[PDB]
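Order of writing sets the labels: A, B, C, D and E. Residues in every chain begin at 1.
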């Protein structure tokens, strides 16, 4: 077996097509997602052409080893796909219709800048190295590109599974390579985040702000310090499900901002007490009365400023 | 090897049948379950038919490679099943009786809306792509569908393992596909949840409500704040064993409701103290006396409201 | 290759024998254990019989593919065993002596009712599906059943590795199956549990009971509440190493009982303070003086009651 | 292929030799370590002997399948080694020189009695089951036993990789087996343990002992109780990296001893307060003044007693 | 198949070349990184010479099994690489051009001394054992050494992927070995570390230092002790992502230094209170006033001293 000879000096076009059957295990920290899909391939091999009237049969079936099949690989994969050949059908003109069912862990980076309101574009790159005899070029057969209705990615909404029709043909190690981009657009389901993380956080922060309606230093310390323990607990819980980004994220910004609001609250609590011990509660109550309005107002404005900057 | 030619122009019926040997590893967060089972297949291949009189033997055994076997796959699987062919027996009329023993991690979504008092219907989808020569249609042989008595799924009660007799025949990538549904009904064992999680929770919440029989702000802060740490501990413990649902769960609802009861308790504790410092304990004791009855009554009613909305 | 023809109509007896080489990875939560062992098999195949005088050799060696070997499988396994054929020796009478070295993760349920003073009986089920030609029946060759002396299962004491000599012959999917039970009795090493978990727990509980020799509500709250945080820490630590049981466990019972002792201690602390504020320390000191004796006495008796009910 | 016939009735000696290339993943809890090494084997097969003059070549290379190779296995392995045959060279006298490169997870128990100042002797057991024709006996070729200089086991110092020259020849299932011991001596790098675990622990314990220079029960409770939370945190951190030992460990002993020092400190704090409330601070200050010296002195002596008993 | 005979008595030069396609999963604790790359190999096999006029092709293709291919292995790998042969092209002179696509988890040690401002040099060692017929020597073909632009290692900046052109030819087990070094230089992205870890637990440390503007022992204990709980939380979080180093790390040094600052702060708080109780607040306030300046100044200087010693 060797590649099919060219009629003129034109390159061999291979008609790709990925159809998602199962989409699962999107690891955010690892920036990986598992996929079980159908891989369709089609090319013209004139050596396999036959007369349908004399042969009697309209379509001829072949075993993978019997005929020449292009060596198609995935770029962004951890290991080589677990492929199972479904069918190889040859038309009278010599057009081969290959179909396999594969499974592979795909390495696709994620942008956590707008987390957990973020949307992602997952990539699946198909590639083919051109042989010495002739050059191989990939093509998208839009009829054979899609996903099944049941396909569910836990905690995400699957928008579209499209493919960049024009391949990126480039030189690599003195040989031509044709690369195709399969884009899977997904948007995060941010419902759960509000009653489970966002609201209980705010509640623990508001509990700290009750120290503005108290003159008891001992109780204020117990309030602001203990609520900070709850803050650390919640901060650790989030950053464990997120990778170390060289960029600032929307959550990371708020997370950091709350740490400042706790530090400044401690300073307030410390100042309030220092003045009361120094016998000037007129100054202490005026600062505390200001902080009653200041802390939520500045927090509300700073959040608007952040949400802007990020959205 | 090629498919058996049709008498007439009727499609090939393949008689399926799954018999569960082992059912284990139900990952709730991953929405997967592992299964070790028997897969029975039966079809008529007239090319394999023989006369039992001259042959001598009533049955004829074959190696998988020797005869045509339909390419049967599972839809909702992570990877291709680890199958081991047990037996291939051919009757004189040409009826093939295939039997294999497989193991596969099955991707079946779970509805956590009524967790941990929830029940689930696990699915196992059998599929076959129809060849060019003739169309392949799946069928359920109810005699060969079941589970062994020992089959145990830790923390669950196995109700029934049935199969939707009528296959879902549809078109996919210009070829017919016959899909069968194997339903495994299971209900959660919610015993452990009461003494381990539900009761100790309530106890830590009741401990926070002892602040209604105390006028000591320092002790009340220490009461309501520290019990909130215990609440956060138990909240994190539950939501780690559950995936991020776009829908509200029965547990999630109570979990959120307790966070409110803690926030309102802090407001009470703050108000009670503010009035005492402002020299009006008549107002403070009246609010505290009301909260002694209010907090459990509202909590008891709100739980009935939630349980009614979910069950 | 086909099964050996039966003299008269008797079933084929296959002489099994498992010899444990390595026993490791007992996952309590998963109810699984890994095993590396020897699997011996012996049957009479009269077609392989020879004369030792003319052949010169007393024993004839064969490759697995060359002769008929019975399809022996394990029932309670996650996946098919990783077997390596050690030796196949044939005697002049046609008696085949098969020996393989395998490794498989065995699914054996555990009874945590008496944890950590519990003992377990691990099972390894050998099975053989009877062919059309003749019925296959398993048998135990007690000479080839055992374990090596070095075999160590971390945190457990290996009592005995025996086998139920009489197989459980039953019908399944219109074919006979012969099932054998290999029992591995193990008892837990409960030393570590006393100084690491049992005693430090008791210490944190006794620390809470020092609130019976104190009239300071602020200090009593700090005592009983903070020690409850330590209790939650230790409770979480244990239930993470144990699966969700539909039955009550010995540990789970004590775990729950301590939660009650903490709740009742809070009620005492609350009552004591309420009476002191209400100006009646005669009633408060009398209740506290009673609780000094009551709490350890009731705890000691309730533990005897539990230990009696469980052992 | 069959074993080489004996000249006289002597057993076949196979010259073993393990050369470590990579040594990694020492799991303390699992009592396993991974190894990537060279396995050399040498035996005399007179059937393969040739004349170097007539043949023209002084050495003959063979494919594994072409010649008889002894079935060498590892005793203490999870699964069969991932071997790759490097070279098979035959000398004119029939001496075969086999060399393979393998990788296997080795099951070697560890003695945690002196942890983290403990040293371990890791074992790699080579075995061969004697065939019918003749008995196979293993031998150490010390020239082919070693490790590469780069070989690094994270957190350990590799002392020596030696082999017990005399094999342990024994009977098993009526056949002789020759077992060889390959010992890898390693000692723990206990540096990190001092500034990371040992010193911060002591610091949190000394912080608890500041309650001996205070008469404030409320502050003393806050001191001894909160520092106990830090103790529990640090105790859990260590015992998670260590398996459940039926024997007492050096760390476990100290860990338990500190729990007692916390319990006794609480009793002191409780007694001190009881006497002050009972109006006798002369008795309370005398006990507290004694405890200032008693606690560190008894702790320092008890540690010397333990270190002696263990080292 | 055997090695190609030498023209004169020169060794066989094999032209290596690694081209990284995917670089992922850098486990810091395990000191491993996964890589998906192209492995190019080129050697002259004069036996494979052909006349393109007679052959009909200028470049002849071969299956791996058909021709002699050098046994190239990786030194620092966990297991044998998952290789897939892309192309084998032979020119009329007999120059073989081998290309495979592999994936392997590479064992490369990391120096955590300057963590997280540390840079690393990852190694990939190619090796070939010389056969008895002739010696094999590796060579770098710099044209076929590189990485793709998309190659992303999460949390790291990929500097350069170079190769030490001169191989390390040495003797091992009486045979020559040619070893090549492939160096992948990477530097850590230390941005995330500042707002997520560095700043929040400078904030928790400063919160403890507010005890210098307070004379309330009860509040000071609650301050310094509770902030120490936050410190322990943050210490455990870091050392879990780092392996046990026999050397001191930059982070480990600061981590330890903060533990001292907490211990000394407790001593201050204890001394301050002892003098107040002993009726000498002039001495107590003077020490506290000094500590207000002392603690940040000493901390700032000690950090400069550490940063100088490490960088």
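As a working rule, a contact is a pair of C-beta atoms (placed from the backbone, for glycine too) under 8 Å apart; a residue touches a chain by one contact, two chains touch by 3 or more.
According to UniProt, the chain labels map to these proteins: A, B, C, D, E = Proton-gated ion channel.
Q: Please report how many Å separate the Cα centroid of chain B (Proton-gated ion channel) from that of chain C (Proton-gated ion channel), as a whole number.
A: Taking the average C-alpha coordinate of chain B (Proton-gated ion channel) and of chain C (Proton-gated ion channel), the gap between them is 25 Å.
Q: Determine the centre-to-centre distance between chain A (Proton-gated ion channel) and chain D (Proton-gated ion channel), using the mean Cα coordinates as centres, and give it in whole Å.
A: So the centre of chain A (Proton-gated ion channel) lies 41 Å away from the centre of chain D (Proton-gated ion channel).
Q: Which chain E (Proton-gated ion channel) residues reach two or more other chains?
A: 218, 222, 226, 229
Q: Indicate which of the five shapes (line, ring, star, complete, other) describes how the chains touch one another.
A: ring
Q: So that chain A (Proton-gated ion channel) leads and chain B (Proton-gated ion channel) is second, what is the order of every chain round the ring?
A: The ring, traversed starting at chain A (Proton-gated ion channel) in the chain B (Proton-gated ion channel) direction, is A, B, C, D, E.
Q: Spell out the residues on chain C (Proton-gated ion channel) that touch chain B (Proton-gated ion channel) in their complex, using ranges where they run on.
A: On the chain C (Proton-gated ion channel) side, the touching residues are 2, 30-31, 71, 73, 75-80, 107, 109, 129, 131-133, 172-175, 217-218, 221-222, 225-226, 228-229, 232, 235-236, 239, 243-248, 252, 255-256, 259-260, 262-263, 266-267, 269-270, 273-274, 277.
Q: Which positions of chain B (Proton-gated ion channel) touch chain C (Proton-gated ion channel) when the two form their complex?
A: Those residues of chain B (Proton-gated ion channel) that touch chain C (Proton-gated ion channel) are 17, 19, 21-22, 24-25, 34, 36, 38, 40, 59, 61, 82, 84, 86-87, 89, 99, 101, 103, 143-144, 152, 154-155, 189, 191-193, 195-196, 199-200, 203-204, 206-207, 210, 213-216, 218-219, 222-223, 226-227, 229-230, 233-234, 237.
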